[PDB]
Structure formats: structure tokens, C-alpha cells
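By convention in this document, chain letters (A, B, ...) are assigned in the order of the sequence lines, proteins followed by strands, and residues within each chain are numbered from 1. Atoms within a ligand are numbered from 1 in the order they appear, just like the ligands themselves.
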Protein chains: 2
Amino acid sequence: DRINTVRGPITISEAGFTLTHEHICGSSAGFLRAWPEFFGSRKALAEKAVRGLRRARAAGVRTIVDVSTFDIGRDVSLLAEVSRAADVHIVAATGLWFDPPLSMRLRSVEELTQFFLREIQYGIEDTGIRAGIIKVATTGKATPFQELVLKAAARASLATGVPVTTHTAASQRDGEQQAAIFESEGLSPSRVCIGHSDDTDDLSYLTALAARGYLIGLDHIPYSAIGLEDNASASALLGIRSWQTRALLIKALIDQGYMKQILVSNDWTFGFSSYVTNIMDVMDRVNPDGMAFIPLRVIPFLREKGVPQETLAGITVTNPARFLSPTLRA
Amino acid sequence: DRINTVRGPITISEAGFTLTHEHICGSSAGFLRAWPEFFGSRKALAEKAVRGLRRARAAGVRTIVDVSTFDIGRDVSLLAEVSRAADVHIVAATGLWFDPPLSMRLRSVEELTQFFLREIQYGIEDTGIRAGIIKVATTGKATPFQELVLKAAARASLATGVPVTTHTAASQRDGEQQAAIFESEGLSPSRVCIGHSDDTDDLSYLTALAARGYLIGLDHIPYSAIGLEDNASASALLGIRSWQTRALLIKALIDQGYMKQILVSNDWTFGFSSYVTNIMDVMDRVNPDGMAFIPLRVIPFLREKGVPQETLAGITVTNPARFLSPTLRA
Ligand SMILES: [Zn+2]
Ligand SMILES: [Zn+2]
Ligand SMILES: [Zn+2]
Ligand SMILES: [Zn+2]
């Protein structure tokens with residue numbers, strides 16, 4: 001039915017062009033509140049986010065999905081502030097990424113399910129803001145704790161119709177184990193996006209997941225260290241495959257008939273504290289378009305390669321709404 | 001001539017009987033605000049803390065030092081609320097414990113120094129509440145990041161006069177490496193408490209540190225799994241030595257001539273989320289007196305063993321004031 005955003009529930013008709021894997025700020029729980037000067041100031045960070053969201057809106061974006069979890073330092077009051085100021089819908093997330101503190105990593109699968117349900121059904125912190133997606137992660141074979149998180153996320157999705165989206169080490173085919181765990185919980189693949197999937201060139205892996213009904217998150221398109229290859233930290237984060245190579249995976253999935261299974265995004269952010277201090281600046285140097293990279297650079301690139309505009313509208317408008325609108329089977 | 005508390009500056013005389021290593025809630029950054037129902041509710045936690053602090057005050061306690069850092073989930077607004085309701089002074093902490101998130105673990109020594117200084121000189125979050133102690137931790141030989149933390153803590157102490165207090169694995173003699181690192185930064189031992197030191201029976205380790213001018217934190221006195229040795233999680237936390245064994249270390253150091261170097265506490269808490277779910281209840285079963293254990297049980301026990309009350313007042317009143325009152329050399 002309706003999709004919860006930080007300003008309240010919206011209808012499918014209202015979502016419009018949606019970026020399905022983004023961030024306002026990539027941090028850690030408590031960090032923005034304890035050390036705002038890391039970001040210059042809270043005001044500076046908010047201003048930067050508003051400018052970038054307005055940039056994206058001007059390029060046609062209407063909704064982003066902020067897949068920052070508790071342990072990414074999600075601050076839903078910041079999300080609400082910038083959503084209002086930029087007039088861009090923002091869907092907030094629950095789940096856990098790969099920096100859970102002791103108070104999360106000691107919890108059982110039932111306890112984690114309760115937490116994710118709280119954030120979806122009741123609200124985040126004392127804000128009343130309800131999550132519209134559940135984010136989870138692996139980096140290779142799931143750790144024991146990550147298996148509990150995947151199972152809890154599946155259970156929370158099965159109780160609410162709120163989809164699950166993942167971080168993968170795509171080149172290691174993590175999506176297969178994630179899918180196997182999800183299906184062992186009875187979760188429908190139509191409620192799951194296997195993200196960071198443009199990090200691999202293995203089209204067989206991607207098409208096989210798409211044929212099983214998964215959504216394939218091609219969310220790293222602007223990530224490339226070309227021109228800065230001997231920046232070790234940037235190379236590790238961004239890789240050295242070109243944005244064009246990544247974008248051509250969108251075309252390849254289209255050409256093999258899987259347009260309904262594709263979700264595209266930038267995995268952008270406006271603040272970034274969980275890595276090297278000035279990674280945000282390096283990223284902004286790599287992709288000055290920020291969140292507008294998909295509409296301004298990727299869509300025209302794919303048009304030039306012969307992809308019809310109606311296909312691209314299906315990917316960027318129709319697929320996200322079908323993914324986000326709550327259901328147990330889409 | 002003043003010590004910062006969660007209710008503002010206090011004089012040395014106002015501090016009175018002081019417990020130097022305690023917690024209101026042992027958690028993780030952001031956790032109490034995101035999942036208060038873990039604790040029943042925030043109201044239930046606060047009520048529990050006020051009841052316990054009122055009982056400690058009735059037993060003679062006037063101040064506690066809450067050594068919860070950012071990564072212990074310190075919520076200075078909760079400390080301020082319970083301090084007011086119970087009429088007990090609470091000193092808040094900066095520093096980092098052994099569960100830092102990525103946004104902390106990626107920082108340099110200079111950045112950490114700036115963060116600890118912000119918390120001491122400016123305030124914690126947006127609250128205006130300034131830290132009066134710096135807490136650090138090792139569990140065996142320091143990791144590279146923990147070396148940075150210790151160095152940053154020494155630098156912040158050298159710039160402000162606020163003392164440093166530590167978590168150790170006393171069985172591993174961590175106090176010796178901590179001392180070595182601190183002295184390599186020029187920090188006076190008179191500004192350092194080596195905590196959890198009652199976790200060892202190795203008197204020579206303790207006396208050698210005391211002879212160098214360190215404060216010796218005998219802060220685990222009520223910790224014992226005697227009667228519940230088959231509870232593996234409680235035994236790992238609490239050990240299998242009796243409270244009387246731990247308390248007799250106080251006497252041993254007095255007898256050697258080191259009464260000036262002793263600090264005593266309970267390392268108690270009113271909420272605990274960073275371990276097994278119901279550890280708080282197990283702890284309360286072990287020590288129903290909570291923070292009042294030191295004045296109600298340990299002081300009379302040491303008097304029965306022949307220690308003058310005046311020596312015990314020196315330990316519980318005079319030594320904490322000398323430790324906390326800012327200086328570069330006490
Ligand atoms: Zn990711
Ligand atoms: Zn991301
Ligand atoms: Zn400790
Ligand atoms: Zn402690």
C-alpha cells in the first residue's frame with residue numbers, strides 16, 4: 001500500500017523517479033551528535049545535503065531511499081530536515097550494516113526481529129518516523145551474526161511487507177548465499193534487492209538471480225578511481241572499472257530481458273565519517289554531479305547506446321514503486 | 001579549584017565521598033535512544049537509577065564518576081536527570097573504550113585529541129555538560145588504535161588537567177604498558193588511575209605501579225560468581241574470587257604504605273546492554289546493595305580487619321578529590 005517516508009506515507013503515484021540506494025550521511029551511531037565539527041558543522045552538512053538534493057531534484061529525482069541503518073549513523077531528524085528543505089521524498093531504513101556495536105552484536109535473532117519491527121511499525125527513536133526498507137550486509141561468506149541479521153530482516157519483511165536491500169561483495173557472489181538464507185525463511189525474492197551488483201562483471205550470476213525474481217541493485221555506477229589509481233584508499237572504495245563499464249551492465253540486463261528486475265542508484269552521500277577523513281571530497285572530485293549522476297550522465301549514455309526512454313522510465317519510476325509499496329509478493 | 005559535573009562546576013568540599021568508577025548505563029552509542037525498550041523503557045531505567053543513587057546517598061555517597069564514554073553509550077542527558085532527582089553529583093567522561101565504531105577507529109591521534117578536548121573544554125553533544133575525566137581501555141597489549149587513544153588521552157589531560165582512568169585486563173598486567181605509553185607522552189602518574197586492578201592477586205604488580213605514583217583502581221570489589229560458577233557468562237564477567245579477597249587488597253596496599261594511591265569503587269550500573277541480555281538482573285542478584293556496597297559492606301569489613309575509619313575516609317573522600325581536581329601534577 002503506502003510507502004513510509006520521513007515526512008509521512010506517500011502513494012505510489014507520488015514517488016516518481018526514485019534512487020533506491022543513497023545516503024544523506026555515512027557515519028556511525030551517535031557520531032554526528034557527538035562530533036559535528038568533523039563535518040565542519042551540522043549546519044554545513046545540512047546545507048550541503050540540501051544543495052545536492054535540490055541538484056538531483058532539478059535533474060528529475062523525486063524520491064531517494066536512504067539505506068543508512070542504525071550503525072551507519074542514520075539521523076532521521078537530519079533526513080526529515082533536508083527532505084523538507086529540498087522537497088525530495090526520503091525513505092528511511094532499518095536493519096544492520098557491518099559496524100554493529102556490542103549491544104547489537106550480542107542480540108538473538110528474535111531480539112533483532114523485534115528491533116527492526118519497532119523501527120518499521122512504531123518509529124525510529126522518539127521521532128515517529130517509520131522505516132520503509134530494511135538494509136543488511138555481507139562481505140563474503142556471512143558471519144554468524146550476519147546470518148542472524150539476514151534472518152531477522154526476512155522475518156520483519158514477512159510481518160510488514162517492507163522490502164529488504166543488501167550490501168554484497170558482488171565479485172564473490174554473496175547474493176547467492178543471501179538469497180539462499182532469505183528463501184530458507186520463506187521470503188519472496190520480489191521483496192529483495194541484491195545491491196552493489198554492478199561491482200561484478202559476472203552476468204550469469206546477475207541474470208540467474210534476476211530470473212529467480214530478485215531485484216538487482218546497480219547502485220555503484222559513478223564509483224571509479226580512474227585518474228587517481230595510486231590513491232589506495234579511494235581505489236579500494238571505488239574500484240578501477242569505469243562508470244561506463246558499470247552502466248553497460250544495465251544495458252546487458254535490459255538486453256537479456258530483465259528490465260523489470262533492475263534498480264539503479266549512485267550510492268552517494270553528503271557526509272562520510274566511517275573511512276579516511278576527506279573521502280567525501282575525493283568522491284565529489286570524482287563525481288561532481290553527486291546524486292544527479294544517474295539522470296544526467298547514465299540515462300543519456302544509455303539512450304545513446306539505443307535504450308528507449310520508456311525502458312529507462314520503467315527502471316527509474318515503475319520498478320522502485322513496485323519494490324517499495326508494501327506486500328509479501330510483488 | 002572546581003570539578004565539572006553534569007550539573008556544572010562543584011568544589012572539592014562538595015564532592016565528598018566519591019565512587020570513582022561507576023556507570024548509570026553500560027550500553028553502546030545511540031542504543032538507549034534507538035531501543036529504549038531493551039531496558040523496559042527509558043522511564044524504568046531512570047527510575048531504577050534514581051532509586052539506586054538515593055540508596056547510595058543514604059549510605060554516605062555524595063558523588064559518582066560515570067566513566068561511560070561515547071562507545072559505552074553515555075547519555076549525559078540521562079545522567080543529568082538522575083543526578084537531579086537523586087541529589088548525587090555525577091562526573092561525566094570523555095575518552096574511548098574498547099568498542100569504538102568506524103568513525104572513531106579511523107581517526108588519527110590529532111583528531112582524537114580534538115574530540116576529547118571538545119568534550120572537556122566545550123561540552124558533550126549540544127548539552128554544555130563538560131567531562132571531568134578521560135576513560136581509556138586495553139585488553140592485553142594495546143592495538144594500534146588503542147595506542148592512539150592512550151596518547152590522545154594523555155595529550156588532552158596535559159592540556160586541561162583532567163585525569164585519565166583506565167580499563168585493564170589486570171591478569172595480563174596491562175597497567176605496565178599503559179603507564180609506559182603515558183610516560184612516553186610526559187603524563188604525570190598522579191593524573192592516572194589504573195583500573196580493574198583488584199582483578200589480580202599479584203600484589204607486586206600493584207605495589208610497583210603505586211610506587212611509581214599511579215592511582216590504583218580497586219573498582220571490582222562486589223564482582224563474584226561464587227554460587228553461580230556454572231553460569232559461564234557471569235563467571236567470565238565476574239570471576240570466581242570473593243568480594244572479601246578483592247577487598248583485602250585495599251588493606252594490603254594500606255599496609256605497604258600506599259593508602260594515598262588507592263581508589264575504590266563498585267563498577268556498578270543500572271542498565272547493561274553490551275553483554276548477555278539479562279546480565280543486569282544476575283548482577284543485582286549477586287550484589288543487592290548495588291553502589292551502596294562500598295559504604296555499607298566494604299568499609300565496615302575493613303574496619304573489622306583493623307583499618308582506621310580515618311584511613312578509609314582518606315581513600316573515599318580525600319584521594320578522589322586530589323585525583324579529580326584539575327592539575328598537571330597532584
Ligand atoms: Zn554498501
Ligand atoms: Zn550504501
Ligand atoms: Zn571496564
Ligand atoms: Zn566500568
Side-chain angles (χ1 to χ4, degrees), chain A residues 19-27 64-69 71-74 93 95-99 102 133 135-137 139 165-168 170 193-199 217-223 237-238 263 265-272 274-275 279 283 291, chain B residues 19-27 64-69 71-74 91 93 95-99 133 135-139 146 165-170 174-175 178 193-199 217-223 236-239 263 265-272 274-275 279 283 291:
Chain A
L19 294 173
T20 51
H21 183 127
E22 301 297 338
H23 304 269
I24 297 305
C25 183
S27 188
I64 73 165
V65 182
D66 186 334
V67 298
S68 305
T69 56
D71 63 308
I72 297 173
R74 174 201 61 205
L96 289 172
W97 183 75
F98 57 67
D99 198 29
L102 285 164
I133 195 158
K135 166 70 175 295
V136 301
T139 61
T165 196
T166 82
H167 174 115
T168 66
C193 178
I194 306 297
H196 308 332
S197 285
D198 59 301
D199 288 354
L218 304 177
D219 56 37
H220 274 173
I221 316 300
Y223 280 47
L237 177 74
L238 300 172
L263 296 176
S265 229
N266 309 273
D267 197 17
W268 216 245
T269 194
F270 302 113
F272 199 158
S274 57
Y275 197 48
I279 192 67
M283 288 177 67
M291 292 184 185
Chain B
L19 294 173
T20 54
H21 184 127
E22 302 294 339
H23 303 271
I24 298 306
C25 182
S27 185
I64 73 166
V65 183
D66 185 332
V67 297
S68 306
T69 56
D71 64 309
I72 300 171
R74 175 204 61 206
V91 178
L96 290 171
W97 184 72
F98 60 75
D99 195 32
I133 195 161
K135 167 69 176 295
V136 300
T138 59
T139 65
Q146 287 167 353
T165 198
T166 83
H167 172 111
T168 67
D174 295 358
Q178 295 179 349
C193 179
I194 307 298
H196 308 333
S197 287
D198 57 304
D199 287 353
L218 304 176
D219 57 35
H220 274 175
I221 315 301
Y223 283 41
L237 183 71
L238 303 172
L263 297 176
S265 226
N266 310 274
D267 198 17
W268 214 247
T269 194
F270 300 110
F272 199 159
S274 58
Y275 199 49
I279 193 63
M283 287 177 69
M291 296 185 183

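- A:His23 contributes atom NE2 as its closest N/O/S atom to the Zn ion (ligand 2).
- Here the side chains of A:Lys135 and A:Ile72 are in contact, with some heavy-atom distance below 4.5 Å.
- Between B:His167 and the options B:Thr69, B:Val136, B:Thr138, B:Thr139, a side-chain contact (heavy atoms from CB on, under 4.5 Å) holds for only B:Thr139.
- Taking the Zn ion (ligand 3) as the apex, the angle formed with NE2 of B:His196 and ND1 of B:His167 is 90°, to the nearest 10 degrees.
- With the Zn ion (ligand 4) as the vertex, NE2 (B:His21) and OD1 (B:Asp267) define an angle of 80°, rounded to 10°.
- Using modelled atom types and a 3.5 Å distance limit, the side chains of A:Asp267 and A:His21 yield a donor-acceptor pair.
- In this structure, a donor-acceptor pair under 3.5 Å is present between the side chains of A:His220 and A:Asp199.
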